[PDB]
Amino acid sequence: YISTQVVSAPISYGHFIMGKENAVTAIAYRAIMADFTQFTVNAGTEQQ
Amino acid sequence: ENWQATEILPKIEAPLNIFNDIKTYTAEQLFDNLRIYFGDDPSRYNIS
Amino acid sequence: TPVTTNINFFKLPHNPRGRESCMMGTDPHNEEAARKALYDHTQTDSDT
Amino acid sequence: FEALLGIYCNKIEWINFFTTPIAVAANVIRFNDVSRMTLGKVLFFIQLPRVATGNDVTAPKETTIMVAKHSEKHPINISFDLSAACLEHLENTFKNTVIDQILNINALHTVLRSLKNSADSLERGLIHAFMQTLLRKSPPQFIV
Amino acid sequence: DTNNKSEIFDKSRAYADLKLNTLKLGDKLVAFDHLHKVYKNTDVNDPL
Amino acid sequence: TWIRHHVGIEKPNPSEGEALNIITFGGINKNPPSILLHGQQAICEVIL
Amino acid sequence: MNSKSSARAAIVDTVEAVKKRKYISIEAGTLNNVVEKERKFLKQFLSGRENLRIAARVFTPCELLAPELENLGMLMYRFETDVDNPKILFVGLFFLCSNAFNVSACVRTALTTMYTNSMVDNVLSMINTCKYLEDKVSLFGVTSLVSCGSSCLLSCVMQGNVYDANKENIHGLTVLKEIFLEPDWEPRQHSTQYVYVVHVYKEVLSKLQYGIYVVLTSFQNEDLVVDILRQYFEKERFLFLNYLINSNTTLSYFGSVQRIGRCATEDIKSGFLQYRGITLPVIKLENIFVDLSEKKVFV
Amino acid sequence: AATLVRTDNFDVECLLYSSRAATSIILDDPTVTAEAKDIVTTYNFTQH
Amino acid sequence: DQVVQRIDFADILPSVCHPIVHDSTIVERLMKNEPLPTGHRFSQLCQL
């Protein structure tokens, strides 16, 4: 039941970079929302 | 701890995160913070 | 005691307290029934 | 800071009746007044073949059997609520505040998705009630 | 005495194609499954 | 009293009124045992 | 059938029935004179057929409301007073469960240390100098909307579910875990239980001491519940049979029961209150349709 | 002497067979009703 | 599990030492109302 297989792996890290949004909330409210911008643009629309 | 972010805010679907029932998990306290309500709690709305 | 019955006791995976003290049979979050299971001989142990 | 990563949720799986292989035992027809039907019966007419008899032996006569199978009937139901605070946030926006818009659209999704869950719930109770009746009908193998 | 179709048991309806797990038992093809996929996560047990 | 002593019932006669009628309406005076290891048991009795 | 459509039709029918109860169609000639604010108010024209709960505004000196200005949902008691200036005065269930005798000494002193001031001491002296209890102080309803100004404004619910406004955070009755008990063979029999309040007196050789009990049972019928409470209280009933003759204080019974209202079985949850750090165990009933019946005494 | 009798209950999985189209289901369209209480509105779907 | 379990007469006592065993009223009534024997057993058995 053992065979070598050719797999398509990652080779580097992912990235996560703040925006100005998350920087200001981290400064003033001690906190971070992940996906604050994608979150906000879908906040008021139908597809929440 | 606030739960209304979970109650309201945008969510990302996940397929088959639990193969097993979460009834046992809730009833026998697998978790650290859980909030459960049967009837629909209208306290999701007083956003102060 | 030199009268302790083997065939009840020593031939099986069994608690050497005599009165068996496995907490998978006790009402959880009930310390009074817990200490009654650990000590009280008004009740019986199981198996005997 | 104290970070908050993504917020995930469940996919409540749907089931069609004709997808599951219980429907090869089933044969399902809509009939919009079975609530008004007291009993439904079927009527079967069997005749039996006859063999000629030996010498100086009494002969059986023509045998015709009539039987009538009856209908069980069985209800299912499903209940779900919406709160009155939800019912206020359903349609009459008090003002066009962004908070009222958020609560409006969440109340609307709560309604639609609970109606959905209830329709699934009727389907799975159709599954469960039919399985209930099959296990009530089935005799054990040693008797069979 | 002749009658062809029983409208309470035979009626025109739409047809599709799907897959089933089958078994062959002396030229008898029988569907063969478990209902655990509809009793995965519900209050009731599987009644079998 | 001495029969209750030797067979070990240890508790008084139920009573007139509510304690009998709680038994007719139908009840358990016995506390569930604090420890249990194998589930249910009950053994009836014929004299021979 | 379609199913989804009929469900939307029923939901639209319920929402339109709510609007029919809420607003009123106007058959005034409705001419174009008015400003737009009066125009939209004459198009809407609310009426109070929407809340369907019955409240009462109440003024009380704020020295008496020590945990109850913070913890919304409490029983309240009307104490009439011979002082003309304030003819009635309002009282917390915990404020009266202080000198109730059912409460153990640790909980009693702990609550008292919440309730220690000059006003509350004078009111407890008045309550003790009163002869009986049940018809000098009386049941009044369930708390919502504490204001806490100078003289604190208390709303209080006579009938219906407990909420100020918006029909959000529907509060619940908070009963001290020690003072309540459920006399029935099966506790929490099938479904929603009726919550009662039982006042029971007792006499320790000198004076009468009252006891405040809260019972939860599946029985609706008051004759059945007093028949189960006599079986519960038959011993002390016997002691009062000896007391009530040699006494001369104007009372004629052992206790009295009165219905608060409905509850739900799954809406019973435990918890604890805390005011000034004093952790205090309670059984918090969650959603209560308040329904005061008459007092029914038993001797 | 005596005949002690005792019953025991077992957890059994237990499979079913059925011939195809053995039983027919005649059923209603799900009917919708609606109870408008003061704090919830409960929708009940019934199906015969 | 393979626990040797023992039954005794001291264990059979709460099922055999009950007053309804040493009562004769129901046996007297039922054996009274059960009808008389036939003639050939009546001459042998009922004569004393």
# chains A, B, ... in the order shown; residues from 1 in each chain; ligands from 1
$ select_by_dssp --residues "region 9-41 of chain C" --states "alpha helix (DSSP H)" --output "number ranges by chain"
C: 9, 31-39
$ write_last_selection --atoms "N, CA and C atoms" --output "PDB file, in the first residue's frame"
ATOM      1  N   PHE C   9     -11.472 -10.291  43.673  1.00  0.00           N
ATOM      2  CA  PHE C   9     -10.671  -9.080  43.743  1.00  0.00           C
ATOM      3  C   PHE C   9      -9.368  -9.145  42.966  1.00  0.00           C
ATOM      4  N   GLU C  31     -19.923  17.043  44.246  1.00  0.00           N
ATOM      5  CA  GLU C  31     -18.893  16.603  45.177  1.00  0.00           C
ATOM      6  C   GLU C  31     -19.449  15.772  46.319  1.00  0.00           C
ATOM      7  N   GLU C  32     -20.717  15.962  46.677  1.00  0.00           N
ATOM      8  CA  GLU C  32     -21.282  15.190  47.776  1.00  0.00           C
ATOM      9  C   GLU C  32     -21.500  13.742  47.373  1.00  0.00           C
ATOM     10  N   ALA C  33     -22.114  13.525  46.210  1.00  0.00           N
ATOM     11  CA  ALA C  33     -22.237  12.178  45.670  1.00  0.00           C
ATOM     12  C   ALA C  33     -20.876  11.591  45.329  1.00  0.00           C
ATOM     13  N   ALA C  34     -19.908  12.447  44.996  1.00  0.00           N
ATOM     14  CA  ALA C  34     -18.549  11.984  44.766  1.00  0.00           C
ATOM     15  C   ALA C  34     -17.952  11.375  46.025  1.00  0.00           C
ATOM     16  N   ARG C  35     -17.975  12.113  47.134  1.00  0.00           N
ATOM     17  CA  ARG C  35     -17.403  11.584  48.365  1.00  0.00           C
ATOM     18  C   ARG C  35     -18.233  10.445  48.940  1.00  0.00           C
ATOM     19  N   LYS C  36     -19.529  10.400  48.636  1.00  0.00           N
ATOM     20  CA  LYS C  36     -20.306   9.222  49.000  1.00  0.00           C
ATOM     21  C   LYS C  36     -19.865   8.004  48.203  1.00  0.00           C
ATOM     22  N   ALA C  37     -19.491   8.193  46.938  1.00  0.00           N
ATOM     23  CA  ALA C  37     -18.969   7.068  46.173  1.00  0.00           C
ATOM     24  C   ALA C  37     -17.597   6.645  46.664  1.00  0.00           C
ATOM     25  N   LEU C  38     -16.774   7.600  47.064  1.00  0.00           N
ATOM     26  CA  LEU C  38     -15.444   7.251  47.541  1.00  0.00           C
ATOM     27  C   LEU C  38     -15.454   6.644  48.925  1.00  0.00           C
ATOM     28  N   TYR C  39     -16.468   6.924  49.735  1.00  0.00           N
ATOM     29  CA  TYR C  39     -16.376   6.431  51.096  1.00  0.00           C
ATOM     30  C   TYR C  39     -17.555   5.625  51.604  1.00  0.00           C
TER      31      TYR C  39
END
$ residues_around --residues "residue 42 (chain E)" --least-positions-apart "5" --cutoff "12 Å" --atoms "only C-alpha atoms" --output "count of residues only"
14
$ residues_around --residues "residue 46 (chain E)" --least-positions-apart "3" --cutoff "12 Å" --atoms "only C-alpha atoms" --output "ChimeraX atom specification"
/D:124,127-129,131-132,135 /E:34-43 /H:12-15
$ interface_residues --of "chain B" --to "chain D" --cutoff "8 Å" --atoms "only C-alpha atoms" --output "PyMOL selection string"
chain B and resi 6+8+10-17+39-42+45+47
$ write_last_selection --atoms "C-alpha atoms" --output "short mmCIF file (atom, residue, chain, number, x, y, z; two decimals), in the first residue's frame"
data_model
loop_
_atom_site.label_atom_id
_atom_site.label_comp_id
_atom_site.auth_asym_id
_atom_site.auth_seq_id
_atom_site.Cartn_x
_atom_site.Cartn_y
_atom_site.Cartn_z
CA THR B 6 -20.34 35.89 15.74
CA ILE B 8 -24.14 39.15 13.16
CA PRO B 10 -19.72 37.90 7.96
CA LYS B 11 -18.76 34.24 8.17
CA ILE B 12 -16.75 31.77 6.11
CA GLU B 13 -18.25 28.35 5.49
CA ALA B 14 -16.26 25.24 6.33
CA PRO B 15 -17.14 21.75 5.02
CA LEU B 16 -17.05 18.77 7.43
CA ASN B 17 -15.24 20.49 10.27
CA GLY B 39 -34.86 29.78 21.51
CA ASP B 40 -33.73 32.71 19.44
CA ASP B 41 -32.17 35.21 21.83
CA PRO B 42 -33.18 38.76 20.82
CA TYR B 45 -29.56 43.77 18.81
CA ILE B 47 -25.53 47.55 20.04
#
$ closest_atom_pairs --of "chain F" --to "chain C" --cutoff "12 Å" --atoms "only C-alpha atoms" --output "CSV"
residue,atom,partner,partner_atom,distance
F:8,CA,C:42,CA,9.9
F:9,CA,C:42,CA,10.9
F:10,CA,C:42,CA,9.9
F:11,CA,C:42,CA,11.9
F:30,CA,C:43,CA,10.5
F:31,CA,C:43,CA,9.7
F:32,CA,C:33,CA,9.6
F:33,CA,C:43,CA,6.9
F:34,CA,C:37,CA,4.9
F:35,CA,C:25,CA,5.1
F:36,CA,C:25,CA,4.7
F:37,CA,C:25,CA,5.7
F:38,CA,C:46,CA,8.2
F:39,CA,C:25,CA,9.2
F:40,CA,C:46,CA,10.9
F:41,CA,C:46,CA,10.6
$ atom_distance --atom1 "CA of residue 33 (chain A)" --atom2 "CA of residue 13 (chain A)"
21.0 Å
$ interface_residues --of "chain G" --to "chain H" --cutoff "6 Å" --atoms "only C-alpha atoms" --output "PDB file with N, CA and C atoms, in the first residue's frame"
ATOM      1  N   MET G   1     -46.424  20.600  -1.627  1.00  0.00           N
ATOM      2  CA  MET G   1     -46.647  21.742  -2.504  1.00  0.00           C
ATOM      3  C   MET G   1     -45.355  22.543  -2.653  1.00  0.00           C
ATOM      4  N   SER G   3     -44.271  24.925  -0.726  1.00  0.00           N
ATOM      5  CA  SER G   3     -43.760  25.033   0.660  1.00  0.00           C
ATOM      6  C   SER G   3     -43.082  26.361   1.038  1.00  0.00           C
ATOM      7  N   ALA G   7     -44.844  29.475   3.153  1.00  0.00           N
ATOM      8  CA  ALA G   7     -44.175  29.946   4.361  1.00  0.00           C
ATOM      9  C   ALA G   7     -43.988  31.460   4.336  1.00  0.00           C
TER      10      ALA G   7
END
$ atom_distance --atom1 "CA of residue 24 (chain A)" --atom2 "CA of residue 33 (chain B)"
27.9 Å
$ residues_around --residues "residue 64 (chain D)" --least-positions-apart "2" --cutoff "12 Å" --atoms "only C-alpha atoms" --output "count of residues only"
11
